[PDB]
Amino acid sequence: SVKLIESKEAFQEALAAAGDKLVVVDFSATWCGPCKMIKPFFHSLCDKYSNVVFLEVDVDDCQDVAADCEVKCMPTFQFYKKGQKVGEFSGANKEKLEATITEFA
């Protein structure tokens, strides 16, 4: 139910198509421990909020988008609403993730 983004073009189509729904983006890597830690939680949120769009960007596979989005630590979560980045943080922080969704869902 999380949409896996595999190019820049795909990233941009997903943002447009969200309308004015919150978009939560997990910039992740399969090898990275905090990424493994939070992934079940992130999927479960996807189920909990049907009004919110959940995307995942594999930084190893999607290096261009990682660069464009100024990622340096994983996981990084970015939050978009009307194409605008309304929030961002890094770390497997469940409180912050849910705090930010609460703020803009």
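Sequential numbering from 1, following the sequence displayed.
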Requested in this report: Taking the mean of the C-alpha B-factors per stretch from the entry, tell me the winner out of 85-93 and 12-20.
Outcome: 12-20
Report summary line: Among 35, 66, 55, 46, the highest C-alpha B-factor in the PDB entry belongs to 46
Query - CA B-factor placement of residue 30, once the chain's modelled residues are sorted into thirds - result: middle
Query raised in the report: Against its chain's modelled residues, does residue 102's Cα B factor rank lowest, middle or highest third?
Result: middle
